[PDB]
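Basis for what follows: all heavy atoms, side chains included, without hydrogens, waters or symmetry-related copies. Numbered from 1 within each chain, the chains take letters A, B, ... in sequence-line order.
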Amino acid sequence: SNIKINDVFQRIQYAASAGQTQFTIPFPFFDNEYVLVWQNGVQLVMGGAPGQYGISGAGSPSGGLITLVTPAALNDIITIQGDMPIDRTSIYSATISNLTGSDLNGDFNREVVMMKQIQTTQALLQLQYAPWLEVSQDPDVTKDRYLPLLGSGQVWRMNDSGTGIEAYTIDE
Amino acid sequence: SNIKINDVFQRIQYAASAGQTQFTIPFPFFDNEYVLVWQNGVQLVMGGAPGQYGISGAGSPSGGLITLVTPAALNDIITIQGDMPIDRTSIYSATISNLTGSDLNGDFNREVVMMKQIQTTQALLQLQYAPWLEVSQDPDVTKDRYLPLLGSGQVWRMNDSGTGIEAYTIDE
Amino acid sequence: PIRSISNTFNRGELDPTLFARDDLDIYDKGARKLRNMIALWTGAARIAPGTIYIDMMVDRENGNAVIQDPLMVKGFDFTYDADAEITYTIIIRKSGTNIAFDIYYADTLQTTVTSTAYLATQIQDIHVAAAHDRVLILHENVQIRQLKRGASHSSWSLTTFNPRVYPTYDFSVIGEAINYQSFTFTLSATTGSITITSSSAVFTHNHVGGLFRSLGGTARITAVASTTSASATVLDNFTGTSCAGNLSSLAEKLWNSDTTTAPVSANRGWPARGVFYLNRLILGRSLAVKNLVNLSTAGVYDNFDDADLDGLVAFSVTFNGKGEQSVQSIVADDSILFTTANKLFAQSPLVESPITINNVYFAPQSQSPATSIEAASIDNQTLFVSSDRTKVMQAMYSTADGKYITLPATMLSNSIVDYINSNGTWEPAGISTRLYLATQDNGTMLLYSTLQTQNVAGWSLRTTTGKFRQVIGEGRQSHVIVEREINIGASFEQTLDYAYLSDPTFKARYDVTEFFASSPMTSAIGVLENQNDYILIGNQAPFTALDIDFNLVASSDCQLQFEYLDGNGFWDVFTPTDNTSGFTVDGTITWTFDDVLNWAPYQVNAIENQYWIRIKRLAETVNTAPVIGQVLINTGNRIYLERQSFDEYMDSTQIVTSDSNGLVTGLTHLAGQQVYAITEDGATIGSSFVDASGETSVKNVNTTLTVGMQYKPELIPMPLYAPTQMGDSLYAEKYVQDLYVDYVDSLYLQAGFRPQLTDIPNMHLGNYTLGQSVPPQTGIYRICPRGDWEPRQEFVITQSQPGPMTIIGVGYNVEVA
Amino acid sequence: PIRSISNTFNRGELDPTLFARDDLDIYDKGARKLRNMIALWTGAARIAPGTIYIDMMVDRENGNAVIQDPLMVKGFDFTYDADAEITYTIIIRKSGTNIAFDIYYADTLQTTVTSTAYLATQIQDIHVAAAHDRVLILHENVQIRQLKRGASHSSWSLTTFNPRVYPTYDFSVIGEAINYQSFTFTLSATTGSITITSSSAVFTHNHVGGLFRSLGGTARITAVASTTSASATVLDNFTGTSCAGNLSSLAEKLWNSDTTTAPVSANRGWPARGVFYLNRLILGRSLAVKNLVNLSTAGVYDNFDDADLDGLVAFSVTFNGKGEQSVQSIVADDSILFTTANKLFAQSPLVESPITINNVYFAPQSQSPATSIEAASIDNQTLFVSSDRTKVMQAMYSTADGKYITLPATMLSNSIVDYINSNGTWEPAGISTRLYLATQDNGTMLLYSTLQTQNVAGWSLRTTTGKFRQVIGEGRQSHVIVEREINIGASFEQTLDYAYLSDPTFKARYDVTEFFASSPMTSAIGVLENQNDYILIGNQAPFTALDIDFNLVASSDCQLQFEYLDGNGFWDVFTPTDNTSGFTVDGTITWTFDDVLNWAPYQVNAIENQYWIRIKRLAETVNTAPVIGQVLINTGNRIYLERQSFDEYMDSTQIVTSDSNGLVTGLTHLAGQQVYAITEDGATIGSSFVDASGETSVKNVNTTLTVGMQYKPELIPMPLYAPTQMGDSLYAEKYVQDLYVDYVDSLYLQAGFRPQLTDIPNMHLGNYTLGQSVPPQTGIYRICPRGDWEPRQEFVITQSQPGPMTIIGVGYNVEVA
């Protein structure tokens, strides 16, 4: 817990070489269960059987390593993403008389990694308006921001009045 | 209070039974004003008048309660969401002072809850690409992620060059 | 009118019937409650000493059969070398149908000495008389034994104590022998070896070694041929050979257990009390004559020859008053004190008595019945438990009165006194206290701090996660024998301490503890009669399984919901493995400690410090509600030997070491309990549950720790006393604006008006280096309690987790309306 | 409103747990701290007496081998002629594997007497019994010796004490010899020289000189031919030649160390305690019977013949209560007082006891365990250390109670009491005090000023630049045995008292004293991990060299910066000779006293009175930080004998003369220490360092001076107590507008609220002639301390440099809010 948290995206993707088995995790992670691995869009299981992977480097500031049991084919897509839960199950006593550096660093670092996972999703996997566009600066104005549920064969379309986004059916 | 923050989504939704008045809040909250309640898409107000509700359980790990003044009709949709403003909830002296674990617990627990509310909206109410998709890993490449503002009758359509999303008028 | 008042705790806990006694100088020197704390003679209140686990009492000669009956264990201390600090803790325990002596030194079992001369059912009636270098084992029906240490800690021998010459007694004087006042005794000669003949049957075999006195002569009987003929050796010459029965004196041996050798004798028994006083051995309270003591020959402890009637010879003292005066305790204080069933016998210490026959002046000093618990000597006074065991009596000589004066030492603290069953003394090193300790039948222990010349006398009550059964000690050290529960896994032995039925609002309380505890055929009770009804269950120790037998199963699934009560007073749902399938079939309900992670002792409707679980019926429609016959839990009783220590702040502690994962093993005596861990620097790092296998996980890894159970200190000061000019404000409306807590060398304090207390910080932000343990703190902390306006409102000083604690006073700023 | 209050100090230093006890009349008569001062019986506080260096304890028979183990030295006083003021200070010290007696008089070693009868490891167990004209040397395993002075100071003899007739004891009574109750003894005749024959093996060679009693006769055994035959001389005629074993008494010699002469005897040992009382010699606590004392024949101190049982003959007293009663000390106060392992034994002074056999009435007075430190008699009371050595007990007869009452004399000052290891008394001439002194394991000394009838009882704590190991004295004079450190030049022996690691802000404290003190393979610690980190080191005495062993050297130069802390609290840079070249290689770091000219004791984070140095890493980049295995300093331990005097205001003083350059030589016992110089007129002219060769420079040239070390007095009064009408103001906010310091015959005073104090002037401008020494001053000085508003704020009265100091009171003008 007495480690630094570097500014690194909590998601990495690789195009495997022929027979490659080792893939680097460039971001810190505190537990093996808090890392998700995909190969060609199929989530893998941690283990020793063929079609599974082993993982090391938990707690290291520089990340760890993913080792596939079965060597990957050429141009296989390997995706690694951190997925730590957002909670707090270890708390201090009411009147502590010993506060360790690891405990204090642990609480601050843990929340930084949580925020980095949220920001990695919104920076790489989500849509947004360009920061300079003239979106309404009052959040209560939901004209450009609130979406309706789509029915079958429907798309999002700003209505004729330009007052909100509505579901619109296309049968072409 | 020195409670533990469990990993629970900061939003819950129910379909009411006939004449139901009590609905459980499964996530922790610290102030009554920071819990929003909707009934069929209309936000309710705390109080004792008909059409209002009462709330209990602030500061508790879980198991809060919402009590409607007017009993709900069958299949009324009740939505309960946590909405706490992001802010410092503590202040520490620069000169030599006292510290307790209660102070630290209050700061870290409230920041964890604030992060969970952001991630609850991200996970349940927002759109994202599947994590394994081959999106550009450099955020400066905005082809797939930056949206334009929509005019009347327009949809989001990737242009024919495949270089960006532009507003497109549907001839209808 | 705003008044400043203060309160110290020199008088300990005061009985509630004293709360209108503002005329006494004790109103600002006492406490409403003083629990798991002691009163120092400076007036401060210190947390009570903790205990260290030593061993579990087992029948070592029968495959370590666990002993679960407290009447089968009785310990005592024996100091062998005071300067080398060698004191042995000897435990008399059941060994089959007989007894054995377990000898402990340096918290280690040294050796075991068995004995078939005693029954396991006689253990509680065995008393000792510790000499300078040996211990005598005394029982009214068993000949005196001697336990003597050899050349090492593990070398001990138990032999029979054989007097050189037995004491003699004429039992016909008390009507316990044949009356010979009308007989005639004929002697063959007046000197040398003679034959004594009686005109009627008088002699028994116990007369061998007895004495015959008449006509100025004395003869020692050496053989008894029949009931009318005996052989004797003349010690002092007779003046004639014809002795009238009414002018003679025939005495048999005072101690004997032989009732079969012809002619048959009575079972006179053996002494049951004793003490070594100066150069004599005093033994008394035999089976046949309970009101008589015998002093040995001066300088010869094992000789009780009483043929002569002058000089340094052995002699007897008989205690008589109005009624029974059976000797309870022989006290080596001043000129010897005898506590009896009725009256205290002693002689004035001002009188110069050399303790010889015909120069002894024991007289009935005062009426004070005493029990068989041995009297304690400490702080210039003698303390002994009364005969009904509901009082501790203090005896001191008063020159102004010319006699010993007895008065209740528990005079001001009668409310906390149950029935007392043992006592001891302790004078701990480095602590400003002189302690008298006494365990009770209810399982608590009384603590009495006394400094009599300084008017220091404070009682307090000590409780543990278990039951105190005995306290041992003569001042140098203190041990306790404690009955505790452990988790026994898949087996079930004990019953729940508390059980209630409750309504949907959880306000009704219907006590059903007896029905759950009783066997199914003795009592049963219907439960969960309506939807949303409750079953509330509590126990002193944590449990992880229930075993339920139904006299009538539920007709359908009750849809049970399980919750447990945590340390914040919050009920949390957990999911057990329910093998009764909603009370539809007999079976068990089990859960793991991870399901009840936050479980902690708490209070529910004036019942304090229990582990609570509630079961709620959610089923809308069940036609036949279940009827429960008996409920058992997976805990069993054990009996431990523990040593008290002022360096410990937990109970039943043990030093352990955690591995790289924080795992700790070897805590089997604490299986199923909640324990705290304290580092060597003196920081408490948290609590955890020991599982049934004796393993638990702690926060600090690769660390040496002390692990034990919390006993929570509580200090409730006396009611506010702020006399104004209008008069005593004993019943006026009062409000406390400021509460000052004045503490020395303390950690983890919290104080105020319940339920919302204020924690007292012990960490200086800006002057603290991470990783270090802040030492115990001294200072004054000011708190706004936010209490009510009642004349008799309670403020509490307590501790959130185990640690040092000393409260030297409590101050107030009171608005007296 | 403003209240005027005052405070005197006749109760000494008070325990912090008493600070809420405003009801007691001691709140304005005590002090929070009373260090290096004593409480006069008038209520004033005077600076503690200084000491004069006498000699260094060495093994004079082995080339003056320096003694560095305090257990190898034990001294005692012996008054030979009170009117001529001739008292000898005798030091028992190691001499090879044996002991020697160093006899001092007039601060000079007179002679040495060696002895091979004792081992060097038995020194601490040797006790003495001083008579009017000789001293008996007592040890439980060595026969008594006599140390008697010849015709001059230097003429002494150490001979063996041989009783005319040995005392006898029957060891079978305590089960320490063969039990003969079933045997039969046959006499050849009833008169004259006879032979005693036993039916079974009983006799040992130790029975020679013993007694055989039976049938009204007594015989003294003169030879033991075998285990069944012996020769005896009839002292009182027997009535027959056949004696039953159970009716007889056989006693061997009580004292014996011969276990080889056939038939082999047991090692009975010799007495270890004794006193001369009136016309008898009392010897007790032998090896075999620790709870027995023997009184010699009246008027014949060396005769212990106990054949007779009446008159002025020698006799024994045996002490028994409940448990071990081994005799600790025999006190000649009133009648004889016996402190034992458990109970105090004495007889009432009101009775008329002529101290003869069968006219002795010793009884157990009270439960008060004592240790082997000899009891002290002073101020109409008896003081003795308790068995656990954490309390001093006071014994005093109470006619109202009819017995001796024991209570803790340290009841109000328990906080400063460590484990006590010796004591003495002192009644200094011209000083209003009666002193009881006691040194402790931690190296401090307790001082107890008592005047019991006037309710004077004040404790204080004495500290030195070193560690007190023993205090010697019976009232006429007082000596101490002190362990001090000296600079040993190029060699290294001692470890640093304190060591810390710190961060660039110099606020963090990471204690690493144990790692520095341990050998490199025991423990090591990495230091100077980051740029601008610190190593803080402190020691009780000055040091001029470090010797460092690295488990891992630094990969590159750390660019060390060195600083020392001066008396103003200012860190000043100095440049040593660094042979480690920035912690890159094992080596030494040395500096001269000129580099550290302003070095003085100071406080760093609650650690007071140390010489501090800090080392700062300036190097920007080092790849591998050093790891230190052990650090040693160039100081070594020595043991000194010093005499306490109220005319001295410094420790370990010596009278010297400076030359024309101010150079002073011959201060080898103070090598490496900081010393002050005081002129004959009583003016302290300044301080300087003594180098390793015992030389120093003073300001005054061609002057006779006294040179010694400063011990700093400190007086902190009790918390402000100004009760108003609103109630006790024990916790109210208070501010001190005016502080009055009331003093008599004082110099160099300073007082106030830390850190900024105020100096009290002692020179009258306009009435002072240059070159004269202003005499000690009397008056009242008024100060505005500029303190805070806290209820428990501390005001200090101390001294800037050594000199006379007497504070008779402290006054305040307090604004009570």
Side-chain angles (χ1 to χ4, degrees), chain A residues 85-89 91-92 94 107 110-111 114-115 118 138-140, chain B residues 1-14 21-39 41-49 51-70 78-92 99-125, chain C residues 566-573 598 752-759 784 786:
Chain A
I86 299 183
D87 58 61
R88 185 164 182 268
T89 58
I91 66 179
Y92 305 109
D107 264 329
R110 162 190 187 84
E111 299 185 6
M114 292 171 180
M115 280 185 294
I118 295 175
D138 186 7
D140 289 353
Chain B
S1 66
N2 304 275
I3 68 173
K4 296 179 172 53
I5 302 301
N6 296 317
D7 176 50
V8 179
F9 278 128
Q10 287 274 324
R11 175 188 182 273
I12 193 69
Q13 194 175 63
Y14 300 103
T21 57
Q22 297 186 12
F23 305 84
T24 298
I25 308 173
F27 49 86
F29 64 99
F30 300 95
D31 302 82
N32 291 341
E33 331 91 52
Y34 299 152
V35 175
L36 304 182
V37 179
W38 293 270
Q39 177 169 21
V42 179
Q43 187 183 353
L44 302 187
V45 178
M46 296 181 296
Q52 297 179 334
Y53 69 94
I55 175 172
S56 61
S60 171
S62 66
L65 212 60
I66 295 292
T67 303
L68 303 181
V69 172
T70 303
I78 303 296
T79 306
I80 305 170
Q81 187 184 59
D83 189 7
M84 176 166 57
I86 296 170
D87 204 7
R88 285 288 309 275
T89 58
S90 180
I91 179 67
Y92 298 104
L99 183 62
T100 66
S102 299
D103 297 322
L104 295 180
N105 282 339
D107 273 352
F108 286 121
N109 286 344
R110 279 175 180 80
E111 289 188 348
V112 165
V113 164
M114 290 172 189
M115 281 183 300
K116 188 55 177 177
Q117 292 176 1
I118 293 173
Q119 192 270 337
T120 292
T121 292
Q122 187 177 60
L124 295 180
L125 299 173
Chain C
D566 79 333
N568 293 330
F570 166 79
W571 291 93
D572 199 7
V573 179
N598 305 319
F753 180 90
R754 285 208 145 98
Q756 180 60 67
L757 302 187
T758 301
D759 296 301
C784 290
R786 313 295 293 174

Problem set entry | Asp7(B) and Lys116(B), any side-chain heavy atoms less than 4.5 Å apart | yes
Exercise. Around atom CD of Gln43(B), are there more than 12 heavy atoms of other residues, nucleotides or ligands at under 6.0 Å?
Worked result: yes
Exercise. Quick one: side chain to side chain contact (heavy atoms under 4.5 Å, CB included) partners of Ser1(B), sequence neighbours excluded?
Worked result: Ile3(B)
Exercise. Between the side chain of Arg110(B) and the main-chain N/O of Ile86(B), is any donor-acceptor distance below 3.5 Å?
Worked result: no
For this session: Report the residues that fulfil side chain to side chain contact (heavy atoms under 4.5 Å, CB included) with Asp103(B), sequence neighbours left out, ordered by chain and then residue number.
Result: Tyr92(B), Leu99(B), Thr100(B)
Problem set entry | Under 3.5 Å donor-acceptor, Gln117(B) side chain and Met84(B) backbone | yes
Exercise. Roughly how far, to the nearest 0.5 Å, is CD of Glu111(B) from CE of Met115(A)?
Worked result: 7.5 Å
For this session: Taking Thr120(B) for its side chain and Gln10(B) for its backbone only, find out whether a donor-acceptor pair lies under 3.5 Å.
Result: yes
For this session: Could you go through the side-chain hydrogen bond (donor to acceptor under 3.5 Å, both in side chains) check for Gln22(B) and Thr67(B) one step at a time?
Result: CA-CA 5 Å; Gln22(B) 297 186 12; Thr67(B) 303; 4.9 Å; no
For this session: Taking the side chain as every heavy atom from C-beta outward, state whether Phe29(B) and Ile55(B) have any pair of such atoms under 4.5 Å apart.
Result: yes
For this session: For the pair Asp31(B) (side chain) and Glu33(B) (backbone), establish whether a donor and an acceptor sit closer than 3.5 Å, ignoring hydrogens and angles.
Result: no
Exercise. Quick one: are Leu104(B) and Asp107(A) in side-chain contact, heavy atoms under 4.5 Å?
Worked result: no
Problem set entry | Partner residues of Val8(B) under the side chain to side chain contact (heavy atoms under 4.5 Å, CB included) criterion, sequence neighbours left out | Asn6(B), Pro26(B), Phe27(B)
